[PDB]
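# As a preliminary step, the opening chains of the complex are given here in situ:
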Amino acid sequence: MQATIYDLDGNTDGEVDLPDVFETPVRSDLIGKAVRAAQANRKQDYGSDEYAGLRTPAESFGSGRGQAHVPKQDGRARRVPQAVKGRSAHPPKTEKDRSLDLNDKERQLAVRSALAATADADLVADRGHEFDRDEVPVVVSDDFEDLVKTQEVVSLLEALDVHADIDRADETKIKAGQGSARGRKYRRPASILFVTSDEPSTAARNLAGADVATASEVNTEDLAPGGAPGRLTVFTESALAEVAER
Amino acid sequence: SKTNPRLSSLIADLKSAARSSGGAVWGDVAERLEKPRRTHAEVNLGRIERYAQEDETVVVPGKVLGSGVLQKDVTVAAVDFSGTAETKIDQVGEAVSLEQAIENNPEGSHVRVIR
Amino acid sequence: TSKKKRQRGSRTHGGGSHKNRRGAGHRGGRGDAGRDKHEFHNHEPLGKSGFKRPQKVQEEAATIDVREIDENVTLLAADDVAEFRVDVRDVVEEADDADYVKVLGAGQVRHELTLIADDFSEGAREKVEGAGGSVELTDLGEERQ
Amino acid sequence: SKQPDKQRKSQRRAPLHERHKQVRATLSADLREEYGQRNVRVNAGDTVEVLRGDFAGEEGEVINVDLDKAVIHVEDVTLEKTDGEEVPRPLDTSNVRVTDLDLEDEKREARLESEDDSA
């Protein structure tokens, strides 16, 4: 197919052939698997102290005083799982493998399929993104990588009728539950992904919900956040070309 | 519970073709596809060369693999083909998707089931 | 919903009587205990059988059937095309750490082949010579006497 | 760090010299233009305007700056006790804006005017 290239003012500047990978059939089950693997592989090993509740010489008196055979020390019950200040029976262990394996071919096919989900304008709108376009992905000229100001990228996206997605992601949710106490207080919608070629867009990164990436290392999570395919993306002409041999 | 959306669609399309048209194979291939993956066909080329004949479509209710030689000018229809199978078949015939075979022949005529 | 997930409230968790899932007595001892007594069933019989030769005197031959060569001749265009000529030592994988390369005679030979290998079977010859061809033994293969 | 526990911890346990950054208030339009800063460390001579509490809108002289509790006493921003005595209601400097400064110190004026440093 064909993809229309845009200059820094939002005007048409030719067009190059949209690569073959964008014609790979959307496979949400494989994409969801690749994201689940990525999200679990960064999870840290935890576990309670191996000796918690075991640091006591508590002994059970046995039969005789009309009491249950529970280990006691100073009249206070200890050690056993049913006792207050006792050990945890089947607690979280550090020795546990919290990582998920994925075959390279199966993971690569998911990257390709997620890249393909970018091409379908109906899927992109179904995922949640707010925009006024027919053609998708938004293809911009290589002169994008040279922008320094963030407010200049705003002007370009307003010219491309694609800014409404950042107005969507400009609303933080204060999460329900104790995640708050651990630093995970806020969360916001995932908006536009900016795929470049040389270095990630310093100019676009601070935009609400925007994620920046590079064509040599853009993954399934960037392409399909939370396993949901069809992210509103914007490539660089050379990024669109480099993302072909993936 | 098949997790692949494409396999789910194919099975639905095989059923629709078995009911609407005169096909008694497409709904029979749908029944084997609904069965567990281990019961599916993993057919090599040396088997299609042994039992297939020309101008009669070969339907595989699974996947075609590339071991052995195929000389016959046959049209093989399957759920999937290995990279080497599709290449070796297209040399002396045609490797057609099962999704296409339904549109080409909804009545399921002149077809041999090979597993 | 899994089996484990449906266990809360069952008391015994599928164990039967609550007097069952205790120690190793329920297993009849620890590990392979009683393999010659109460649990003798389906166990390989006790005893010593045969001998083993030292590992550095043990040779490992790389095998290949005439069928595998013959099925891939047109695809093996990277080799010699004579009046077909193929050196087997360059076809077989894992043929570096192997002692010698042997051609076995299983399958058909629908082509005229000139095979060069360290060893051949009586059936590897009959099938290649009978389909119009030759069998060439290597300098390493000159052990047969 | 990013951790809330560690963030609040470092603020409550900050040494006296680092508590200066906790008593900072925003400067007026004229003052931001004059010194090239957005905010300043509030001093016990400055004039300030209350922007957020119950006393929002009132102006007065800064009578006391307590670094320990990180609060300030402003003139007439008082609470009446049961005996009739008027005691000061402490203010967080974040809810306040500086309208006039006290420049009796040579060092504070020099710090405010230099472009390489901030006060």
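Sure thing, it's come through. Residues are numbered from 1 along each chain as shown, chains lettered A, B, ... in the order given.
# tally of neighbours for the residue of chain C at minimum distance from chain B?
Of all residues in chain C, the one sitting closest to chain B is residue C:71 (5.7 Å; C-beta to the nearest C-beta). From N, CA and C alone the C-beta is placed, and that goes for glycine too. For residue C:71, the neighbour count with other C-beta atoms under 10 Å in any protein chain shown is 20.
# Tell me how many other residues crowd the closest residue to it other than its chain neighbours.
Leaving aside its chain neighbours, residue C:71 sits nearest to residue B:69 (5.7 Å; criterion: C-beta to C-beta, 6 or more residues apart in numbering or on different chains). Counted with other C-beta under 10 Å, the neighbours of residue B:69 add up to 16.
# residues contacting residue B:69?
Shown in contact with residue B:69 (C-beta atoms under 8 Å, 6 or more residues apart in numbering or on different chains): B:45-46, B:49, B:88, C:71.
# residue of chain B with the smallest distance to chain A?
residue B:3 (4.8 Å).
# Tell me where the chain has helices.
No chain specified, so I'll use chain A. Secondary structure of chain A (DSSP state H): helices at A:28-41, A:104-116, A:121-126, A:150-159, A:164-168, A:220-223, A:237-242.
# Chain D, not that one
Along chain D, the segments classed as helices by DSSP H run D:4-12, D:29-35, D:106-113.
# Also, this goes in as RNA strand E:
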RNA sequence: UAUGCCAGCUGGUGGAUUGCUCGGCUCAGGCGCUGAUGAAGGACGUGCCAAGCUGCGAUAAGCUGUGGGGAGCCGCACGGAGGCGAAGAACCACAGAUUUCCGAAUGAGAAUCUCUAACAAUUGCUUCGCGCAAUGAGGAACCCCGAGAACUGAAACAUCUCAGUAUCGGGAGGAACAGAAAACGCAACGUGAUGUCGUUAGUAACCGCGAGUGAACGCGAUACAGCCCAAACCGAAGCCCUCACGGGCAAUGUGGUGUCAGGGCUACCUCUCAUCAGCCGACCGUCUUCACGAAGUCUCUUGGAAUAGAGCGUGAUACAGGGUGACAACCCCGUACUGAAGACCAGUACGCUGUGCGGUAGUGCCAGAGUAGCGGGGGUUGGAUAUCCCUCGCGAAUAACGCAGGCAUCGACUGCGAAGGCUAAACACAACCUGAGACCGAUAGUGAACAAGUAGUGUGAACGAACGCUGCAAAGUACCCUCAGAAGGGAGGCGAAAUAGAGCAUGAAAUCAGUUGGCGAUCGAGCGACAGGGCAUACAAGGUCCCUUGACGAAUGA
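So, slotting RNA strand E in with the rest:
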């Protein structure tokens, strides 16, 4: 209807629940020795008022200097009195001063004190004098060298296993240990110090051949690095102390040469950039700390309070996190960007100085003994005949010789020189610093979010808790009445709220006081389920229900 039963209402009791997190738990990166110059630890002191904690040491919550910092300050701890600070205090960084007694504890003794100069004791050097030095003890674990169980498994049990584990003795470091082949033995025309990681592999091997036990070579990686003696031939050409003088050492050999690409001696060829010694001495990176650092505190409504809703506007290489009277990029700290410093890497790399690499021929000059090896007895190992070690006895050769290549002997072949020695880097741990989290969230998570190893128990070894939350702001309740009264009570005051009033957010159940509805002093006990009556009921969140008659009308059926 008394005693009383069931449910509820108001108020208690209690402290669950929900929300909150100054604490934990776990992972990761960095860093890493202290001590006779008296440590670590402990005791007792030290404040204006001072019991606990923290600090400090008779100069006693501190003294001095340099740098930073800045108008405030006088720890935890918000009192009173008083004081200090522009003579630049507080506070932070580095450096220095002081630094009681016990403590390895060292003059001697001793439950932290005492008695009449003290390296006690053991050593090396030695002016043979404690003159100069060393050792001792501590440290979370890691590391190295020794001693070495049992429960248990084998469904008993002895070999075996648990296990060279627990525990004990000795010892070093910031890492330890190992280490430049008398190697390997994919047997080769091959590899080439050592650790470690992945694999080889649950393979070979062991084993009441039961249960069980269990390598290696090689390979792929990490990181790389190779050297010094003894002797031959030289023979005082030498070393140590001292400013020097002078002394001490040393022919029982200091020093030169040399170290399997064998060397030495003799004879020549050529030449060095190897090696060893020594000088100089980083970049980058990493960890930590710091400086700087954009943009609203505008309108209306609600509110005790905007950080809420609606409206208008702004930054962003910064929309991580926190604070702020409610949901904050733009109010405050920070955050991106840029830059600074210290520490580690590392006294390493590079560079330099010096030395001199090597080759030919001749020469039986030199080349580590209770050793190699054999035997008796044991332990250990996968080590089987073929592991490693201890013990008793015996015991060789001299490179023209010797050892190894998984049974012994002899020959061949291939490999390699033991009985002297050193050695960076890559790896272990987590005390210490910092960072992180699908961990816990106050009966949890550490025993410990609180006075925590505290209170307390035991002669002692040792054992060992519980206790988090007023409020936006103390505005922490003046005055009056009552009372034996700083009690308590009443009235009153503050605040949005006192049913937020002091172990004071919320405030469950068990349960208690008062009270409402139902039952109740002639009557029977799994306390109910399902039917149907009485009596009782504010709203809301349910709106149906009764009777005449009429339509329909299964099985059944006068």
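# Can you give me the distance of the residue in chain A positioned nearest to chain C to residue D:77?
Using C-beta to the nearest C-beta, the single residue of chain A nearest to chain C is residue A:90, 12.4 Å away. Distance, residue A:90 to residue D:77, by C-beta to C-beta, to the nearest Å: 59 Å.
# Wasn't residue B:33 part of a strand?
No. Counting by DSSP: H, G, I helix; E, B strand; the rest coil, residue B:33 falls outside a strand, being helix.
# quick one: contacts for it?
Residue B:33 sits next to B:7, B:10-11, B:14, B:40, B:61, B:79 when contact means C-beta under 8 Å, 6+ apart.
# Checking my notes, residue C:115 in a strand, right?
Yes. Counting by three-state DSSP, residue C:115 is found in a strand.
# give me the number of residues near it?
Residue C:115: 24 surrounding residues under other C-beta under 10 Å.
# Could you measure from it over to residue A:16?
As judged by C-beta to C-beta, residue C:115 and residue A:16 stand 52 Å apart.
# got the contacts of residue B:33 as TSV, with secondary structure columns?
Formatted as TSV, those follow (three-state DSSP):
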residue	secondary structure
B:7	helix
B:10	helix
B:11	helix
B:14	helix
B:40	coil
B:61	coil
B:79	coil
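# Go ahead and add RNA strand F:
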RNA sequence: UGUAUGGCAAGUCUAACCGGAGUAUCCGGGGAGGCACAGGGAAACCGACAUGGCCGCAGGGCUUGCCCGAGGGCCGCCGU
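Adding RNA strand F to what we have so far:
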């Protein structure tokens, strides 16, 4: 050792580790090695049906009982 799902398929998967980077995630590299690709025999050693026959399910075909009949079943034959 089964099973369900998914990728690849006569093959398949990387391990330690290397490079990159948005720096525990992630992208690229790494096939050492494992399992599969032939078995039988203690060992020495030797080394197989890419189909020859008959039934026949599903399915296809035809002129509507007659054919073709994968898988499956019963035999042959082959390696040791």
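# just checking, what packs against the longest strand seen in chain D?
Longest strand of chain D, by residue count under DSSP state E: strand D:59-66. Here strand D:59-66 touches strand D:47-50, strand D:71-74, going by 3 or more C-beta pairs under 8 Å, 6 or more residues apart in numbering or on different chains; DSSP states H and E.
# just so I know, which of the ones you listed lies nearest RNA strand F?
Comparison of these against RNA strand F by C-beta to the nearest atom of the strand identifies strand D:71-74 as nearest, at 38.1 Å.
# Check whether stretch A:209-225 comes near RNA strand F.
Yes. Applying C-beta under 7 Å from any atom of the strand, one finds stretch A:209-225 touching RNA strand F at A:211, A:213-214, A:216-222.
# Those residues of chain C touching chain B, which are they?
residue C:71 (C-beta under 8 Å from any C-beta of the partner chain).
# how near is the residue nearest the centre of chain C to residue B:25?
Centroid check for chain C by C-alpha atoms, centre = their mean gives residue C:63 as the closest residue, at 10.2 Å. Residue C:63 is 42 Å from residue B:25, where distance means C-beta to C-beta.
# and if you look at residue D:19?
Counting by C-beta to C-beta, the gap from residue D:19 to residue B:25 is 84 Å.
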